[PDB]
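# Experimental coordinates follow, after the sequence.
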Amino acid sequence: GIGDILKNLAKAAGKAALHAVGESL
């Protein structure tokens, strides 16, 4: 479903953002 995909993308984006922050150190 389109809605399901959108929700998944949002969650995936958050995890990716966090990983970048850690690697920043």
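Thanks, I have the structure now. Numbers count the residues shown, from 1 in each chain.

# Flag every buried residue along whichever strand or helix holds residue 18.
Assessed by DSSP states H and E, residue 18 sits inside helix 2-24. By neighbour count on 16 or more other CB atoms under 10 Å, the buried set for helix 2-24 is empty. All C-beta spots, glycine's among them, are computed from the backbone N, C-alpha and C.

# just how off-centre is that helix within its chain?
0 Å (CA atoms, centre = their mean, to the nearest Å).

# mind listing what residue 19 touches?
Shown in contact with residue 19 (CB atoms under 8 Å, 6 or more residues apart in numbering): no residues.

# how much space between it and residue 7?
Residue 19 is 19 Å from residue 7, where distance means CB to CB, to the nearest Å.

# now swap in residue 14 and tell me
Applying CB to CB to residue 14 and residue 7 gives a distance of 11 Å.

# next one: residue 25
30 Å.

# cool, and residue 13?
Going from residue 13 to residue 7 by CB to CB gives 11 Å.

# Over to residue 1?
9 Å.

# what's the answer for residue 16, then?
Residue 16 is 15 Å from residue 7, by CB to CB.

# Residue 18 too?
17 Å.

# What of residue 17?
Taken as CB to CB, the span from residue 17 to residue 7 is 16 Å.

# what's the answer for residue 21, then?
Residue 21 is 22 Å from residue 7, by CB to CB.
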